[PDB]
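As they're listed, the protein sequences go chains A, C and B.
Per the deposited numbering: the first sequence = residues 1 to 80, 83 to 104.
Here the deposited numbering is used: the first residue of the second sequence is 62, the next is one more, and so on.
Per the deposited numbering: the third sequence = residues 16 to 47, 57 to 112.
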Amino acid sequence: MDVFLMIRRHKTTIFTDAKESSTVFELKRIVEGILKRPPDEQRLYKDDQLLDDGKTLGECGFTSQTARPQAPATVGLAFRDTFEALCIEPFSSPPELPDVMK
Amino acid sequence: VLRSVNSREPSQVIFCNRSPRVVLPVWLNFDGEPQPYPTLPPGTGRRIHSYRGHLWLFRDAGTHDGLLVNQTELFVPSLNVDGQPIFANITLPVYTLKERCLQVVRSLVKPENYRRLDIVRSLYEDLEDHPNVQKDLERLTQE
Amino acid sequence: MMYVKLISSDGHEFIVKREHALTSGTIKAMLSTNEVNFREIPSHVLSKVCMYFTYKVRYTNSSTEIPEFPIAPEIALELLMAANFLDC
Ligand SMILES: Cc1ncsc1-c1ccc(CNC(=O)[C@@H]2C[C@@H](O)CN2C(=O)[C@@H](NC(=O)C2(F)CC2)C(C)(C)SC[C@H]2CC[C@@H](CN3CCOCC3)CC2)cc1
């Protein structure tokens, strides 16, 4: 079963998919091919909880229900001798509804 | 050209709604004229009696957005094997992003107010070109 | 696989598979660096466009039942304008 993710750091968002049974470590390998940073320089998070490399993505809570292509799950990322604090900048705010759409 | 054939050969079918929409089954009669049948709520199935060579299409009941049946536009009942019913699995197509946006905007804006929206005039025309069975039949006939 | 960077008006960077981005004929023409800037598309729209790319590739020509692509009313009009421009 595939899971679909947004890997987010600062103002960077990576759209990618992975297996529920694949590991946090295998996901850092994905991130490396894209962002050219080694796994040992990455920290991946679900919400505010840091994720262990050995754990499977499903175990961390990324599943078909939570990580769909139309509504992807967010994985937080922090790079490093000291690892930075997890920071994800939000997307912009939609305008007010036009009156004819109310 | 697109019309049901008066085979008189019964064919039992499961209309299976695998879509989030209320589905309107549409039967093309022997003159090619579309006839509406009872609607199916999301997540429901019904065993129905139809005939070989008959033509059916499926649409959203409220908006007439086109739906797919066994991954295509038209469903034609065939001969039942083993007393098994033929399944007609009704699903959403993968709409283009533009068409899906048009669906949502039409759902929110009365047609009289389309021209109040601050968008290019060609999108007023796209919004006014509501989906409808008759035009799709003409497209399918020409294909 | 190959990835491209799509950048919103408010400066968000969206990294997506190239095959997914090529869903838009507009983006293909704009690519042909590996980065594309959209001066008129903010991130609350362009993020939803990238979700659509993922949705289209996964479910096109698939027999699994297809979920609805969700669109909040508050983004619907801007997303329509972006979809018109991107031809997807
Ligand atoms: C519950 C449900 N949920 C979604 S659909 C659905 C449903 C509900 C009823 C069925 C009965 N089944 C058919 O009506 C199949 C279907 C199509 O194949 C045409 N058809 C025939 O029966 C044709 N007859 C012939 O071809 C012959 F007699 C062999 C020569 C006709 C149409 C020339 S005469 C049939 C008579 C009696 C039945 C009414 C059906 N009314 C009208 C629509 O509103 C309620 C139902 C129509 C006039 C089927 C599906």
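We put the CB at the ideal spot given by N, CA and C, even for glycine.
At 7 Å on the CB atoms, spell out the chain A contacts of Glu34 of chain B, in chain order.
Going along chain A, no residue has its Cβ under 7 Å from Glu34 of chain B, so there is no contact; the nearest lies around 12 Å.
At which residues does the beta strand (DSSP E) containing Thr78 of chain B begin and terminate?
Here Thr78 of chain B belongs to no beta strand (DSSP E); instead the alpha helix (DSSP H) covers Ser67 to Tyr83.
Say whether chain C places a C-beta atom closer than 7 Å to the C-beta of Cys74 of chain B.
no
Per DSSP, the bridge partner or partners of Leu21 of chain B:
B:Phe29 and B:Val60
By how many angstroms is the C-alpha of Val24 of chain A removed from the C-alpha of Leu101 of chain B?
38 Å
How should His110 of chain C be labelled, buried or exposed, when 16 other C-beta atoms within 10 angstroms of its C-beta is the threshold for buried?
exposed
Does any heavy atom of ligand 3 sit closer than 6 Å to the C-beta of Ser111 of chain C?
Ligand 3 is not among the ligands present in this structure, which contains only ligand 1.
If we count Cβ pairs, one from each stretch, closer than 8 Å, do we get three or more for the segment 52-61 of chain A versus the segment 176-189 of chain C?
no
For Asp187 of chain C, collect the residues of the same chain with a Cβ closer than 7 Å to its Cβ; drop the 5 residues on either side in sequence, then sort them by chain order.
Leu163
Taking 7 Å as the CB-CB limit, is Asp111 of chain B close to chain A?
no
Taking 6 Å as the line, does the beta carbon of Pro95 of chain C fall inside it for any heavy atom of ligand 1?
no
Within-7 Å CB hit, residue 81 of chain A to chain B
Any structural detail on residue 81 of chain A is unavailable, because chain A resumes at 83 straight after 80.
Output yes if chain A places a C-beta closer than 7 Å to the C-beta of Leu63 of chain C; else output no.
no
What is the C-beta distance between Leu85 of chain C and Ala122 of chain C, in whole angstroms, given that I count them as a contact (C-beta under 8 Å)?
4 Å
Quick one: does the C-beta of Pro86 of chain C sit closer than 6 Å to a heavy atom of ligand 1?
yes
Tell me, which residues are paired with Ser72 of chain C by DSSP?
C:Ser111
7 Å Cβ cutoff met for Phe93 of chain A and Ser39 of chain B
no
Closest to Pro66 of chain B by CA distance: which of B:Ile22, B:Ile95 and B:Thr41 is it?
B:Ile22
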